[PDB]
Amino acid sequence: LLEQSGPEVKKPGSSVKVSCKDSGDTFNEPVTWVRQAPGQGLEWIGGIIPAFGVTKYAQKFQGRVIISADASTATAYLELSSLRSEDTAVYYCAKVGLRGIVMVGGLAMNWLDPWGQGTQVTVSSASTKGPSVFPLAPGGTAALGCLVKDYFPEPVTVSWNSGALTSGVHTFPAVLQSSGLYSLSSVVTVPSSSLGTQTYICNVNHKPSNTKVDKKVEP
């Protein structure tokens, strides 16, 4: 499908520039930008027809966004300026279908396909910070895990015994604390007879801060 740029994290008042490149020769055909906040549905932002350069914008972002296209590359661009915490969302890029299309003065509207994988844009004032890893110490089933507290930004990766133990593992989604930092926990459930049978080590990796911590977990 369409290729978009990676995740972005910018402070409030700054500006992001999300790219969207396709491999096919359909670059000149109309493209549409849409974002999706966590609790909301899809929200249209604007669009562009790269063959002529026509840009049509939603009324909300009339003075804050500028959509562009580069014909040398295979990329159309979305540039949102003066960021706020509301602008934290996943930004999507899709093509406007040609068959049955309706174009009024350069605004092409139809069903949307194909799509890009999406671009997470996080707007926060927090600074990059490495996480702290603390043990979660514990017939039936037993439980233990790791607490990955106070880090920024997303994401963090958690392995168990260097990736040898995957069954019965629940790596929970991160939660945004009041301090603007993220906190996460990963747990593993085993039968109680297997609690003292083996050794458990979680492998917390955080690339934005180049932090890698291995923590032994025992009752």
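Residue indices: 1-based, along the sequence shown.
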As the entry stands, the deposited residues without coordinates between residue 138 and residue 139 add up to 4 to 9
Hey, which bit's got the bigger mean C-alpha B factor in the entry, 24-32 or 155-163?
24-32
Look over 181-189 and 61-69 in the entry and identify the one with the greater average Cα temperature factor.
61-69
Residue 201: CA B-factor among chain residues, third -> lowest
State the tercile, meaning the lowest, middle or highest third, of residue 194 with respect to the CA B-factors recorded for its chain.
highest
CA B-factor ranking of residue 99, expressed as a third of its chain
middle
When the deposited Cα B-factors of this chain's modelled residues are ordered and cut into thirds, is residue 74 in the lowest, the middle or the highest one?
highest
Against its chain's modelled residues, does residue 175's Cα B factor rank lowest, middle or highest third?
lowest
